[PDB]
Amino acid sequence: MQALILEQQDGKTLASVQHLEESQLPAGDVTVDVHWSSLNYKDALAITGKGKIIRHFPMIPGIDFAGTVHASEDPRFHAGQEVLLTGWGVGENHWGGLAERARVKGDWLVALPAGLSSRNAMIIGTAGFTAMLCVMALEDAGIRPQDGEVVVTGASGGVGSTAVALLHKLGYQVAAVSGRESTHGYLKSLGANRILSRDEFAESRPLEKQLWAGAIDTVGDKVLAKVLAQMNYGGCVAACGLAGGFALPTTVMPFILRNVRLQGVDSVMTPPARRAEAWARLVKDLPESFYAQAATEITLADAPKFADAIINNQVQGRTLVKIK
């Protein structure tokens, strides 16, 4: 079998496609013939050797994959069945998606839903699944299209792009925040009602003027701090990222004076039930047009190059990896 393999020569990560035997695969009760994977921000860090994502080498990266079951000892899954996986430590501490074959716990798999192609599941990937979870968080908080504008940060990215399209489809007025001017036409076509510059969110008072009924944040750090200060009374922010930094230098004022909810969204260990629900919602809520707009398809050996482009913020939308 072939696989993208991370090894460490002199402490610096080297990535290259290599042949290896199925016998080397980690233990698990389901074996999957992988047809598609993707590159997420976390995959890019893993591949660039940045971020301390990988604590064991050599490692097959890729926190995502979709394919067909080769063999299964889990009674929920049968040989030939179409399945997908995102998260659960896969591609971090367990051999990953960017390989022709993977062996995992059946607990980590999701049956490919009726209404979603294996290829499109990967275009969504971890990033899109996370966006769906964020949207469901706003809904849980009672945030409706009629309540006001929803703001999306890091909007041109994988999570951001998906969130814009989901919110647009669901009827919300969407404001997209982006540090790049080249992404504007793209963002408008995704459904953004207006585009705002990243520099507009540098520093804030504890409370700013109320602007947002809802927010989906991929940035963290000072951007998230300012969004919080700008939330309408009873607004909700769904936070999932740290593209701008992991710190959260905020105050309790939006919370105790404006009754704001900050809902954290984790994709790695999302419970099976909510996980299944998110995938079913994606079938319903993501327009077929999104898949053509947001995706760039690459081959396995091109991953390191794109990993680099992702870290340097030189891409927009989602990176789909054909594994075949």
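When you see a residue number, it is the position in the sequence shown, counting from 1.
(Q) Comparing average C-alpha B factors as deposited, tell me which of 295-303 and 277-285 sits higher. (A) Per the PDB record, 295-303.
- Mind pulling up the entry and telling me whether 72-80 or 194-202 has the higher mean Cα temperature factor? It is 194-202 that shows the higher mean C-alpha B-factor.
### Task
Just grab whichever of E208, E100, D217, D107 has the top CA B-factor as deposited.
Answer, based on the entry's C-alpha B-factors: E208.
By its CA B factor, does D147 count among the lowest, middle or highest third of the modelled residues in the chain? Its C-alpha B-factor, which the entry lists for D147, ranks in the middle third among residues of this chain.
Checklist line | Modelled-residue ranking by C-alpha temperature factor, third containing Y186 | finding: Its C-alpha B-factor, which the entry lists for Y186, ranks in the highest third among residues of this chain.
| task | Check where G179 lands among this chain's C-alpha B-factors and tell me if it's the lowest, middle or highest third. | result | Highest third.
Select lowest, middle or highest to describe the third in which the CA B-factor of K52 falls within its chain in this entry. Within its chain, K52 is a highest-third residue by C-alpha B-factor, going by the deposited values.
_Entry-reported Cα temperature factor of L262, expressed as the chain third it lands in_ = Answer is lowest: the recorded C-alpha B-factor places it there.
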